[PDB]
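Here is the structure we will look at.
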Amino acid sequence: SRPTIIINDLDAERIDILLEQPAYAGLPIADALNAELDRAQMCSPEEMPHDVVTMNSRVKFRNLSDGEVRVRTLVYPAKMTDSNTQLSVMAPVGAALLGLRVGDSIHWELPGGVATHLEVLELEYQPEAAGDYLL
Ligand SMILES: [Cl-]
């Protein structure tokens with residue numbers, strides 16, 4: 001399991017639609033996100049806690065399997081153009097980071113060969129906190 005996802009109403013809806021795409025049929029991360037969104041804690045973009053990793057946030061995180069640190073911006077697949085700076089929410093690490101708070105760690109093992117162990121070190125940029133309610 002993983003900690004409950006904290007997400008704003010708009011991204012929750014967009015991801016719900018995203019997961020419906022047949023391109024993601026049978027994918028472990030898609031199935032996992034569907035289940036997690038059903039029990040996610042949602043709120044308006046203005047009510048979003050300032051330390052939560054949200055879509056389009058830039059986050060510094062550590063891989064708990066090897067100690068490696070990286071900075072990546074979490075984006076929707078349509079916007080993923082550079083793997084050295086961006087991370088798809090549909091990729092295991094992106095899905096694992098989504099909804100976590102700075103300071104949280106996650107040890108998410110899913111059947112089908114997917115497992116992520118990460119720690120959120122810093123939230124360099126969060127759209128909600130910057131007023132970019134994207135509305
Ligand atoms: Cl997957």
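Following the order of the structure tokens, first chain is A, next is B, and so on, with residues numbered from 1 inside each chain and ligands from 1 in the order they appear.
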Exercise. Near segment 6-16 of chain A, counting only C-alpha atoms, which residues have an atom at most 9 Å away, once you skip same-chain residues fewer than 6 positions from it, shown as a VMD selection string?
Worked result: chain A and resid 33 to 34 37 40 to 49 52 to 55 76 98 to 101 128 134
List as an mmCIF file with C-alpha atoms, in the first residue's frame the protein and nucleic acid residues near residue 63 of chain A, meaning an atom at most 9 Å away when only C-alpha atoms are counted, but skip any in the same chain fewer than 2 places from it.
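Wrote it out as part_35.cif, contents follow:
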```cif
data_model
loop_
_atom_site.group_PDB
_atom_site.id
_atom_site.type_symbol
_atom_site.label_atom_id
_atom_site.label_comp_id
_atom_site.auth_asym_id
_atom_site.auth_seq_id
_atom_site.Cartn_x
_atom_site.Cartn_y
_atom_site.Cartn_z
ATOM 1 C CA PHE A 61 13.221 13.236 -4.108
ATOM 2 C CA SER A 65 16.858 1.744 -3.043
ATOM 3 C CA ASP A 66 20.177 3.436 -3.820
ATOM 4 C CA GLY A 67 20.233 6.854 -2.144
ATOM 5 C CA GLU A 68 20.160 8.765 -5.445
ATOM 6 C CA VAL A 69 18.564 12.218 -5.448
ATOM 7 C CA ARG A 70 16.779 13.839 -8.383
ATOM 8 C CA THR A 116 8.959 2.063 -5.879
ATOM 9 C CA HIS A 117 10.761 3.219 -2.712
ATOM 10 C CA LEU A 118 11.039 6.998 -2.486
ATOM 11 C CA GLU A 119 11.310 9.907 -0.054
#
```
For this session: Using DSSP on the backbone coordinates, identify all residues within segment 1-126 of chain A classified as alpha helix (DSSP H); present the result as an MDAnalysis selection string.
Result: chainID A and resid 9:19 28:38 92:97
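Near residue 113 of chain A, within a cut-off of 12 Å and counting only C-alpha atoms, sit the residues residues 27, 28, 29, 92 and 108 of chain A, with same-chain residues fewer than 5 positions away left out.
Residue nearest ligand 1 within the list A:17, A:90, A:84, A:96: A:90 [criterion: smallest interatomic distance, only C-alpha atoms and all ligand atoms].
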